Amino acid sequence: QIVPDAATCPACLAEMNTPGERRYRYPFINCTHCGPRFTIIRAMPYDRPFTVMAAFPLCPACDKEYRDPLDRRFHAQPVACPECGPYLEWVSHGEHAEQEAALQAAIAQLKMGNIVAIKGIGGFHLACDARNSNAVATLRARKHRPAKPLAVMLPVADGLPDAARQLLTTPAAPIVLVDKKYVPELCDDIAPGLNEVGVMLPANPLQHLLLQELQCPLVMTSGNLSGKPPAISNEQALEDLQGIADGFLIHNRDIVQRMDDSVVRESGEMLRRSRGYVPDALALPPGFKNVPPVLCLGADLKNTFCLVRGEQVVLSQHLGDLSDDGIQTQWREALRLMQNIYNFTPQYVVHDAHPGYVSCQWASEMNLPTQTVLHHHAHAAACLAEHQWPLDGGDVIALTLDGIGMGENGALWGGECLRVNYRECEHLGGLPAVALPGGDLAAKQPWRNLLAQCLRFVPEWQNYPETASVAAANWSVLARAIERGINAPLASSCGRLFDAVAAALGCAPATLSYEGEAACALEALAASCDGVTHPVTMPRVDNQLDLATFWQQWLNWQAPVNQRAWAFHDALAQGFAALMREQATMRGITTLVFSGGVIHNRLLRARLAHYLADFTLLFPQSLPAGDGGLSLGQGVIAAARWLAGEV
């Protein structure tokens, strides 16, 4: 029974700070209670000969500790000291150092405002002084990441709320999203236009040495290139990061598994589940038992896979976007080790109903019986699973809010009201389906969605100040592609509705640099408002929200932009609450489920919980609301159809 990778413990930290200890200032100190696990194992059993540490025979001082039953390092599989262990190496445009001098060159570079690649437990990070405006602009410029927020490493948790401090200091040592007023020391280019910052504490010996020296916050972001899987070997770091890093702090212990930092909110809500949680298994809900081995391929974005057997499920670490160049290698190594750890051999494969997905191509290469699950059915089921809804617990009404998933009959869904149990998904209503002009471009340029909404719902849209940039363009070639159905598929996407509103308000750049950027900006804007009396609504017309009425009231209700953003969330929540109410009540349903990437929105949650106080409300918490949780939903639906003896 192997455990997730564990933050360095107090006792090892104390040993590493104590002059005259053999392991004094040694960056690879670990013991039976802490250190790398999943990231250093080649095969089972967990035993030094089958880890990355086979290469380093123990000196005798270490071997006496590893073998002594009453010793903290008894069978510490990756134990070492300066005599027999891995050592640090510094590489900078010509220059070379090792061990302690390697550490000092990295610190001197960080102190002068340079960017250093640092080798971690499960990848490589890029670091620099988080208070240094020039360093941070340079890092963003070199990595072409003009907006996306950067995680920051702090030396200690002092001054953070209690609930943050308590999460930050667990073995898992996650990034924890914290209000940015707690951390005034960070320059303004850390999370521009957002309200929260991701902070973490040192969790490995090398990070402790660095932060003990620097006594200041450090950007500590992933060592990759957009479109590329993160490097896990020295030469792939050297190759990948040379345009970016001014120097490299690497070492000669191999990483064999990609393992990103995990990311939670202070409230405990999981956004990314990797380092420190993988590979822990999860109990399935009551009634699921004797389930055959099922491999669930998850989603094409923010991918995780899932192994289902017996009365448990095991989720992989975050593996990213599956359409990326060589991401299949890492996926496949995670799958090998996971199957070796649990002695797992799949009898069935489950994957998404979208036939253009990479994951559905991989699934047909496996010579197993395969089955398909609707994207939004799976969202809803991951959420019921996580709240321990019983196999036979009854129907719920689900609100599934996201970007785009394939729905029934080739339709693109993302704002749906559903009747849901673990076997069935009936679509009840939701947003109107509205063109995505330019297909994939619709997610990158919010103004296209504003245009598609205006064309369908706003008479004389050209006359509103909020449509000015749109109207000054020759939008009418795009309007004709839309009429004729040329790369302008219909989608009831709630994510594309956020984008239309954000473009109307002008709160995002015209072209976006990351998925969801316009929606986060809109939500960060709405959250500075404490609530307003306003006349904006989204009425119900048969079983869909009436956006003609919404845009007419919204475009004609002048108010500060935060109050306009707040009013949008409120009308949307209210409008969905009215739909879910009619559907639940007239069927005798008393429990409501919410899932999909948009449900990560705090204001929209708070608003829906406000309108739906007459119901039991079920929201994601220990698993991501979005695509990170989808493999689990696939799993419980396949298990449930199986348990019912479905052919």
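Numbering starts at 1 and follows the sequence shown.
According to the PDB record, 506 to 514 carries the higher mean C-alpha B-factor of the two stretches 148 to 156 and 506 to 514. As recorded in the PDB entry, 185 to 193 is the stretch of 334 to 342 and 185 to 193 with the greater mean C-alpha temperature factor. As recorded in the PDB entry, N543 shows the highest C-alpha B-factor of the residues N543, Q558, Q347, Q445. Note on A76, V308, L522, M200: the highest value goes to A76, judged by CA B factor as recorded.
When the CA B factors of the chain's modelled residues are split into thirds, the value for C9 lands in the middle one.
In the deposited entry, the Cα temperature factor of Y46 sits in the top third of values across the chain's modelled residues. Annotation for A105: CA B-factor lies in the highest third of the chain's modelled residues. Per the PDB record, residue ranking by Cα B-factor puts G20 in the highest third of the chain.
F619: CA B factor lies in the middle third for its chain, per the PDB record.
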